[PDB]
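Q: What follows is entry11.cif; its format and atoms are mmCIF, C-alpha atoms.
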```
data_my_file
loop_
_atom_site.label_atom_id
_atom_site.label_comp_id
_atom_site.auth_asym_id
_atom_site.auth_seq_id
_atom_site.Cartn_x
_atom_site.Cartn_y
_atom_site.Cartn_z
CA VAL A 4 27.14 26.52 30.91
CA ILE A 5 26.38 30.01 32.24
CA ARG A 6 28.86 32.02 34.23
CA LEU A 7 26.19 33.59 36.48
CA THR A 8 25.97 37.31 37.24
CA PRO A 9 24.21 39.32 39.99
CA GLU A 10 22.09 41.19 37.38
CA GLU A 11 20.87 37.89 35.90
CA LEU A 12 19.79 36.75 39.37
CA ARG A 13 18.06 40.05 40.18
CA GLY A 14 16.28 39.89 36.81
CA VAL A 15 14.91 36.48 37.69
CA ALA A 16 14.09 37.60 41.26
CA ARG A 17 11.96 40.40 39.79
CA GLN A 18 10.07 37.90 37.62
CA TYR A 19 9.24 35.81 40.67
CA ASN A 20 7.93 38.90 42.55
CA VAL A 21 6.00 40.04 39.50
CA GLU A 22 4.39 36.62 39.09
CA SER A 23 3.51 36.52 42.79
CA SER A 24 1.56 39.83 42.26
CA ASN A 25 -0.15 38.43 39.19
CA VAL A 26 -1.36 35.43 41.27
CA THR A 27 -2.97 37.51 44.07
CA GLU A 28 -4.43 40.01 41.56
CA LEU A 29 -5.95 37.08 39.68
CA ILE A 30 -7.41 35.56 42.82
CA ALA A 31 -8.96 38.92 43.75
CA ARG A 32 -10.53 39.18 40.27
CA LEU A 33 -11.81 35.58 40.38
CA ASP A 34 -13.19 36.21 43.89
CA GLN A 35 -15.34 39.03 42.52
CA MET A 36 -16.24 37.03 39.35
CA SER A 37 -17.57 34.34 41.68
CA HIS A 38 -20.00 36.84 43.23
CA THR A 39 -21.03 38.05 39.78
CA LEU A 40 -21.65 34.42 38.82
CA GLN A 41 -23.79 33.82 41.91
CA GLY A 42 -26.10 36.63 40.79
CA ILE A 43 -26.44 35.65 37.14
CA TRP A 44 -27.05 31.89 37.47
CA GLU A 45 -29.39 29.93 39.64
CA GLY A 46 -28.07 28.33 42.86
CA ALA A 47 -26.94 24.87 41.69
CA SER A 48 -24.88 25.94 38.68
CA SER A 49 -23.28 28.53 41.01
CA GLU A 50 -22.70 25.99 43.81
CA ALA A 51 -20.97 23.72 41.29
CA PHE A 52 -18.41 26.40 40.40
CA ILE A 53 -17.89 27.71 43.98
CA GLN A 54 -17.06 24.36 45.53
CA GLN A 55 -14.33 23.61 42.96
CA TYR A 56 -13.04 27.19 42.94
CA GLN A 57 -12.71 27.29 46.74
CA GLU A 58 -10.94 23.90 46.66
CA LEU A 59 -8.25 25.34 44.38
CA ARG A 60 -7.91 28.83 45.80
CA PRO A 61 -5.66 27.90 48.73
CA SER A 62 -3.08 26.42 46.34
CA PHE A 63 -2.93 29.76 44.53
CA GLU A 64 -2.14 31.48 47.85
CA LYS A 65 0.58 28.87 48.40
CA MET A 66 2.00 29.65 44.97
CA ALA A 67 2.05 33.35 45.77
CA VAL A 68 3.99 32.66 49.01
CA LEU A 69 6.43 30.34 47.17
CA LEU A 70 7.16 32.78 44.36
CA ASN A 71 7.86 35.62 46.82
CA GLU A 72 10.13 33.40 48.96
CA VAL A 73 12.06 32.44 45.79
CA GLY A 74 12.21 36.10 44.78
CA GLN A 75 13.60 37.03 48.14
CA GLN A 76 16.26 34.24 48.19
CA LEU A 77 17.35 35.18 44.62
CA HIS A 78 17.90 38.75 45.70
CA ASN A 79 19.91 37.42 48.65
CA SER A 80 21.97 35.19 46.33
CA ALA A 81 22.54 38.05 43.91
CA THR A 82 24.06 40.16 46.73
CA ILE A 83 26.25 37.21 47.76
CA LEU A 84 27.41 36.79 44.19
CA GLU A 85 28.21 40.51 43.70
CA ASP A 86 30.20 40.40 46.93
CA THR A 87 32.01 37.22 45.95
CA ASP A 88 32.90 38.75 42.57
CA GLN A 89 34.13 42.05 44.19
CA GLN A 90 36.18 40.26 46.82
CA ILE A 91 37.98 38.31 44.11
CA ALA A 92 38.38 41.46 41.92
CA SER A 93 39.76 43.64 44.78
CA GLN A 94 42.21 41.13 46.30
CA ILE A 95 45.66 41.91 44.72
CA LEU B 7 -30.27 39.94 32.86
CA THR B 8 -29.49 40.07 29.12
CA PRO B 9 -27.57 37.89 26.62
CA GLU B 10 -25.21 40.89 26.48
CA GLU B 11 -24.58 40.82 30.24
CA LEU B 12 -23.95 37.06 30.05
CA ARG B 13 -21.51 37.36 27.14
CA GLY B 14 -19.56 40.07 28.98
CA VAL B 15 -19.16 37.76 31.97
CA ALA B 16 -18.39 34.82 29.65
CA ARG B 17 -15.34 36.64 28.19
CA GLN B 18 -14.07 37.64 31.65
CA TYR B 19 -13.93 33.91 32.42
CA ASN B 20 -12.27 33.13 29.06
CA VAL B 21 -9.69 35.92 29.57
CA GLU B 22 -8.83 34.63 33.09
CA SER B 23 -8.68 31.04 31.82
CA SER B 24 -5.99 32.00 29.30
CA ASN B 25 -4.27 34.26 31.89
CA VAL B 26 -3.84 31.08 34.00
CA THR B 27 -2.48 29.02 31.10
CA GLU B 28 -0.13 31.85 30.15
CA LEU B 29 1.03 32.15 33.79
CA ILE B 30 1.78 28.40 34.00
CA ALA B 31 3.92 28.77 30.84
CA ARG B 32 5.89 31.67 32.30
CA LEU B 33 6.41 29.77 35.62
CA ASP B 34 7.50 26.63 33.72
CA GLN B 35 10.26 28.60 31.99
CA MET B 36 11.19 30.33 35.27
CA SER B 37 11.46 26.97 37.08
CA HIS B 38 13.87 25.79 34.34
CA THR B 39 15.94 28.95 34.69
CA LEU B 40 16.00 28.51 38.48
CA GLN B 41 17.44 25.00 38.19
CA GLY B 42 20.46 26.55 36.40
CA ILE B 43 21.01 29.18 39.10
CA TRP B 44 20.89 27.09 42.25
CA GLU B 45 21.74 23.69 43.60
CA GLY B 46 21.24 22.08 47.01
CA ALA B 47 18.33 21.15 49.25
CA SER B 48 16.68 24.59 49.53
CA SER B 49 16.31 24.88 45.74
CA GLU B 50 15.13 21.24 45.47
CA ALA B 51 12.43 21.97 48.11
CA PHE B 52 11.28 25.09 46.19
CA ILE B 53 11.08 23.18 42.91
CA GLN B 54 9.17 20.30 44.51
CA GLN B 55 6.64 22.81 45.88
CA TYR B 56 6.10 24.27 42.39
CA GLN B 57 5.54 20.75 41.03
CA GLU B 58 3.08 20.03 43.85
CA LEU B 59 1.03 23.20 43.12
CA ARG B 60 1.11 23.16 39.29
CA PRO B 61 -1.77 20.58 38.90
CA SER B 62 -4.11 23.00 40.78
CA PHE B 63 -3.32 25.72 38.22
CA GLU B 64 -4.09 23.41 35.27
CA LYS B 65 -7.42 22.50 36.93
CA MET B 66 -8.26 26.20 37.46
CA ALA B 67 -7.70 27.01 33.78
CA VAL B 68 -10.00 24.08 32.86
CA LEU B 69 -12.68 25.21 35.38
CA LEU B 70 -12.61 28.83 34.11
CA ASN B 71 -12.91 27.81 30.49
CA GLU B 72 -15.95 25.57 31.18
CA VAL B 73 -17.72 28.44 32.97
CA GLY B 74 -16.96 30.73 30.00
CA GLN B 75 -18.31 28.24 27.45
CA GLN B 76 -21.48 27.67 29.57
CA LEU B 77 -22.11 31.40 29.96
CA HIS B 78 -21.73 31.80 26.18
CA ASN B 79 -24.15 28.88 25.76
CA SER B 80 -26.70 30.46 28.17
CA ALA B 81 -26.56 33.81 26.39
CA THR B 82 -27.46 32.23 23.03
CA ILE B 83 -30.26 30.13 24.49
CA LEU B 84 -31.80 33.18 26.17
CA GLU B 85 -31.41 35.31 23.02
CA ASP B 86 -33.05 32.70 20.82
CA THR B 87 -35.77 31.81 23.39
CA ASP B 88 -36.67 35.51 23.69
CA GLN B 89 -36.73 36.01 19.89
CA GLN B 90 -38.95 32.93 19.44
CA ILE B 91 -41.28 34.17 22.24
CA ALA B 92 -41.49 37.67 20.72
CA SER B 93 -42.42 35.98 17.40
CA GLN B 94 -45.11 33.80 18.98
CA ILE B 95 -46.87 36.71 20.69
CA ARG B 96 -46.83 38.87 17.53
#
```
I'd like the structure from this file rewritten - as C-alpha cells, please.

A:
Amino acid sequence: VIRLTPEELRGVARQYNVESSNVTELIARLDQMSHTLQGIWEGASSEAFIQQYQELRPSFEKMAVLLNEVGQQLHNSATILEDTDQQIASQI
Amino acid sequence: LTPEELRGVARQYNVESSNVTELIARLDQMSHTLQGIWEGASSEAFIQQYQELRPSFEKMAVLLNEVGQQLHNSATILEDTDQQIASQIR
C-alpha cells in the first residue's frame, strides 16, 4: 500500500485539470468540425451526425466539470496532507 | 469540393476519434489512482459520476470513426466517378 504524499496528490490534481482542458478543447474542435461537415455533405447525412453529436455533447461538459472539481478537491487534500505531515514532524 | 478536401476532413474525424479513445484510457487509469487516494462518500460520488459519463465517451469515439470512414468512402467515390466521367467525354 502507498504511504501518500502531497506531491503525489498535486501530480494527480494536475492531470485532472489537464484532462478537463483537453475535453473542452476537443468539444470546441468538434463543434467547428460539425459546421465543416454541414457544408461538405448534403442535409440528411449531416442531420444524422448532428443529432447524435448534440445528444452526447452535454455529457462531455459534465465530464469537464467533474474533472475540474476532482482536481480542485485533490489540491485541497494535498494541502491538508502537507499540513498533517508538518504538524506531526514539528511536534516535539 | 474535391476528394482532397474530403480526405482532409476524414482524417480530422479519425484523429479526434482516437483522441477520445486515448482520453478514456487516461481517465480509466486516473480513476484507478483516485480510488487509492481517497475513501468516503465524496470520492464514491465522483467515481459514480465518471462511470455514468464514460458510455457517452465510448459512443462519441464510435460516431467520429464512422464519419471518418464515410468521408474517406465519399472521397474515393467522387475521385473514381470524376475519372470515369473524364474518360467518357474524351

Q: Please check the contacts: residues of chain A at most 7 Å away from chain B, using all atoms listed in the file, listed as a count of residues only.

A: 3

Q: Tell me, in Å to one decimal, how far atom CA of residue B:75 is from atom CA of residue B:20.

A: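 Result for atom CA of residue B:75 versus atom CA of residue B:20: 7.9 Å, one decimal.
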
Q: As a check of understanding, name the residues that the PyMOL selection byres ((chain A and resi 13-28) around 6) selects in the supplied structure, as a PyMOL selection string.

A: chain A and resi 10-12+29-31+67+70-71+74+77-78

Q: Would you please work out which residue, of A:73, A:7, A:33, A:40, is nearest to residue A:56 when using all atoms listed in the file?

A: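 Closest candidate: A:33.
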
Q: Could you work out how far atom CA of residue A:37 lies from atom CA of residue A:49, giving the answer in Å with one decimal?

A: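 Taking atom CA of residue A:49 as the start and atom CA of residue A:37 as the end point, the length is 8.2 Å.
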
Q: Please indicate the distance in Å from atom CA of residue B:81 to atom CA of residue A:50, rounded to one decimal place.

A: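 If I compute the distance from atom CA of residue B:81 to atom CA of residue A:50, I get 19.5 Å.
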
Q: Restricting the calculation to all atoms listed in the file: of A:44, A:72, A:34, A:8, which residue gets closest to residue A:60?

A: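 Of the candidates, the smallest distance to residue A:60 is held by A:34.
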
Q: Which residue, A:32, A:5, A:92, A:84, has the smallest gap to residue B:23 when you use only C-alpha atoms?

A: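 Among A:32, A:5, A:92, A:84, it is A:32 that comes nearest to residue B:23.
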
Q: Generate a file for stretch 10-95 of chain A, containing C-alpha atoms, as a PDB file, in the first residue's frame.

A:
```pdb
ATOM      1  CA  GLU A  10       3.327  15.908  -4.282  1.00  0.00           C
ATOM      2  CA  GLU A  11       1.657  12.686  -5.462  1.00  0.00           C
ATOM      3  CA  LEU A  12      -1.756  14.257  -4.878  1.00  0.00           C
ATOM      4  CA  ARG A  13      -0.830  17.513  -6.638  1.00  0.00           C
ATOM      5  CA  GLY A  14       0.539  15.485  -9.556  1.00  0.00           C
ATOM      6  CA  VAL A  15      -2.795  13.730  -9.910  1.00  0.00           C
ATOM      7  CA  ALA A  16      -4.704  17.011  -9.410  1.00  0.00           C
ATOM      8  CA  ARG A  17      -2.775  18.477 -12.360  1.00  0.00           C
ATOM      9  CA  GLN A  18      -3.749  15.505 -14.538  1.00  0.00           C
ATOM     10  CA  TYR A  19      -7.414  16.061 -13.744  1.00  0.00           C
ATOM     11  CA  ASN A  20      -7.144  19.782 -14.667  1.00  0.00           C
ATOM     12  CA  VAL A  21      -5.194  18.957 -17.804  1.00  0.00           C
ATOM     13  CA  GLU A  22      -7.791  16.395 -18.884  1.00  0.00           C
ATOM     14  CA  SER A  23     -10.606  18.864 -18.196  1.00  0.00           C
ATOM     15  CA  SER A  24      -8.889  21.287 -20.681  1.00  0.00           C
ATOM     16  CA  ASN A  25      -8.490  18.526 -23.229  1.00  0.00           C
ATOM     17  CA  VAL A  26     -12.270  17.838 -23.026  1.00  0.00           C
ATOM     18  CA  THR A  27     -13.368  21.447 -23.692  1.00  0.00           C
ATOM     19  CA  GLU A  28     -10.706  21.913 -26.402  1.00  0.00           C
ATOM     20  CA  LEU A  29     -11.993  18.749 -28.068  1.00  0.00           C
ATOM     21  CA  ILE A  30     -15.600  19.889 -27.896  1.00  0.00           C
ATOM     22  CA  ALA A  31     -14.634  23.231 -29.456  1.00  0.00           C
ATOM     23  CA  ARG A  32     -12.839  21.406 -32.304  1.00  0.00           C
ATOM     24  CA  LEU A  33     -15.756  19.006 -32.850  1.00  0.00           C
ATOM     25  CA  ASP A  34     -18.168  21.972 -32.797  1.00  0.00           C
ATOM     26  CA  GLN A  35     -16.305  23.512 -35.730  1.00  0.00           C
ATOM     27  CA  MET A  36     -15.912  20.114 -37.492  1.00  0.00           C
ATOM     28  CA  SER A  37     -19.702  19.832 -37.345  1.00  0.00           C
ATOM     29  CA  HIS A  38     -20.044  23.084 -39.318  1.00  0.00           C
ATOM     30  CA  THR A  39     -17.431  21.901 -41.814  1.00  0.00           C
ATOM     31  CA  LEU A  40     -19.419  18.670 -42.187  1.00  0.00           C
ATOM     32  CA  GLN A  41     -22.664  20.577 -42.794  1.00  0.00           C
ATOM     33  CA  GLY A  42     -21.032  22.303 -45.769  1.00  0.00           C
ATOM     34  CA  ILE A  43     -19.437  19.245 -47.372  1.00  0.00           C
ATOM     35  CA  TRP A  44     -22.334  16.759 -47.202  1.00  0.00           C
ATOM     36  CA  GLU A  45     -25.945  17.082 -48.143  1.00  0.00           C
ATOM     37  CA  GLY A  46     -28.542  17.780 -45.422  1.00  0.00           C
ATOM     38  CA  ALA A  47     -29.589  14.266 -44.322  1.00  0.00           C
ATOM     39  CA  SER A  48     -26.120  12.782 -43.826  1.00  0.00           C
ATOM     40  CA  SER A  49     -25.314  15.975 -41.860  1.00  0.00           C
ATOM     41  CA  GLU A  50     -28.545  15.819 -39.824  1.00  0.00           C
ATOM     42  CA  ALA A  51     -27.697  12.216 -38.902  1.00  0.00           C
ATOM     43  CA  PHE A  52     -24.363  13.227 -37.362  1.00  0.00           C
ATOM     44  CA  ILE A  53     -25.620  16.441 -35.672  1.00  0.00           C
ATOM     45  CA  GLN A  54     -28.470  14.837 -33.779  1.00  0.00           C
ATOM     46  CA  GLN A  55     -26.208  12.170 -32.219  1.00  0.00           C
ATOM     47  CA  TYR A  56     -23.356  14.623 -31.627  1.00  0.00           C
ATOM     48  CA  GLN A  57     -25.626  17.115 -29.832  1.00  0.00           C
ATOM     49  CA  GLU A  58     -27.067  14.257 -27.734  1.00  0.00           C
ATOM     50  CA  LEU A  59     -23.583  13.423 -26.436  1.00  0.00           C
ATOM     51  CA  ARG A  60     -22.099  16.893 -26.114  1.00  0.00           C
ATOM     52  CA  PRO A  61     -23.704  17.756 -22.763  1.00  0.00           C
ATOM     53  CA  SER A  62     -22.093  14.690 -21.152  1.00  0.00           C
ATOM     54  CA  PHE A  63     -18.692  15.977 -22.255  1.00  0.00           C
ATOM     55  CA  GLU A  64     -19.406  19.294 -20.490  1.00  0.00           C
ATOM     56  CA  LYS A  65     -20.377  17.285 -17.410  1.00  0.00           C
ATOM     57  CA  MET A  66     -17.084  15.406 -17.610  1.00  0.00           C
ATOM     58  CA  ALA A  67     -15.175  18.674 -17.823  1.00  0.00           C
ATOM     59  CA  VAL A  68     -16.951  19.959 -14.674  1.00  0.00           C
ATOM     60  CA  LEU A  69     -16.299  16.656 -12.843  1.00  0.00           C
ATOM     61  CA  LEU A  70     -12.599  16.529 -13.686  1.00  0.00           C
ATOM     62  CA  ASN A  71     -12.069  20.133 -12.513  1.00  0.00           C
ATOM     63  CA  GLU A  72     -13.996  19.517  -9.260  1.00  0.00           C
ATOM     64  CA  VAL A  73     -11.794  16.440  -8.629  1.00  0.00           C
ATOM     65  CA  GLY A  74      -8.701  18.480  -9.472  1.00  0.00           C
ATOM     66  CA  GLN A  75      -9.721  21.140  -7.021  1.00  0.00           C
ATOM     67  CA  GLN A  76     -10.510  18.671  -4.166  1.00  0.00           C
ATOM     68  CA  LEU A  77      -7.154  16.882  -4.745  1.00  0.00           C
ATOM     69  CA  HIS A  78      -5.315  20.153  -4.383  1.00  0.00           C
ATOM     70  CA  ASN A  79      -7.287  20.766  -1.180  1.00  0.00           C
ATOM     71  CA  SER A  80      -6.411  17.277   0.104  1.00  0.00           C
ATOM     72  CA  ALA A  81      -2.760  17.743  -0.789  1.00  0.00           C
ATOM     73  CA  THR A  82      -2.612  20.908   1.376  1.00  0.00           C
ATOM     74  CA  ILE A  83      -4.326  19.030   4.226  1.00  0.00           C
ATOM     75  CA  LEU A  84      -1.826  16.217   3.920  1.00  0.00           C
ATOM     76  CA  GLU A  85       1.230  18.541   3.871  1.00  0.00           C
ATOM     77  CA  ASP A  86      -0.138  20.252   6.971  1.00  0.00           C
ATOM     78  CA  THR A  87      -0.851  16.966   8.713  1.00  0.00           C
ATOM     79  CA  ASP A  88       2.685  15.767   7.935  1.00  0.00           C
ATOM     80  CA  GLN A  89       4.272  19.080   9.168  1.00  0.00           C
ATOM     81  CA  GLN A  90       2.216  19.137  12.355  1.00  0.00           C
ATOM     82  CA  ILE A  91       3.423  15.644  13.211  1.00  0.00           C
ATOM     83  CA  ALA A  92       7.044  16.496  12.200  1.00  0.00           C
ATOM     84  CA  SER A  93       7.159  19.760  14.249  1.00  0.00           C
ATOM     85  CA  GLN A  94       5.516  18.495  17.458  1.00  0.00           C
ATOM     86  CA  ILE A  95       8.420  17.507  19.825  1.00  0.00           C
TER      87      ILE A  95
END
```
